[PDB]
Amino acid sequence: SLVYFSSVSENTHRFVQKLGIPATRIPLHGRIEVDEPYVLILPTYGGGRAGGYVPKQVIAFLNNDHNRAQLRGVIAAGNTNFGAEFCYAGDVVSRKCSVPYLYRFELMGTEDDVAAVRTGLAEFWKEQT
């Protein structure tokens, strides 16, 4: 499965659509729950300085014990022009949890990012068996 988050700009939401994998979105308002294991795809939204960088809607979704238990991996989106903050939201989720850091990409991702995440996510799901 795939659980992703995107703000009003939907740069991450449009990348998940180009992926072609069915995925569920963390809503901008309210809480949700997932039953099957999933991989998280979230963008970074930090500033100056691991306190923050993660969207508040994702914090609420991850504060849910039932949702956090089924988290298997994290793929972060962002922009290399942010210096050391480049996709640091995935570093925060990977460090403060036991999940690994699968992939990084910028904004909507290039055509190579979609092919890289599809093949990588397929080989990662076969690893969970």
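From 1 onward, residues are counted along the sequence shown.
How many residues that are in the deposited sequence but not in the model lie between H66 and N67: none, 1 to 3, 4 to 9, or 10 or more? Unmodelled stretch: none, continuous chain.
In the PDB record, does 28-36 or 86-94 carry the higher mean Cα temperature factor? Per the PDB record, 28-36.
Taking the recorded C-alpha temperature factors, which stretch has the higher mean, 101-109 or 116-124? Averaging CA B-factors over each stretch, the winner is 116-124.
Per the PDB entry, maximal CA B factor within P55, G78, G73, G47: Out of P55, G78, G73, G47, the record gives the largest C-alpha B-factor to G47.
When the modelled residues of the chain are sorted by Cα temperature factor, does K18 land in the lowest, middle or highest third? It belongs to the highest third of the chain when residues are ordered by C-alpha B-factor.
Grab the CA temperature factor for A60 from the record and place it in the lowest, middle or highest third of its chain. For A60, the deposited C-alpha B-factor lands in the highest third.
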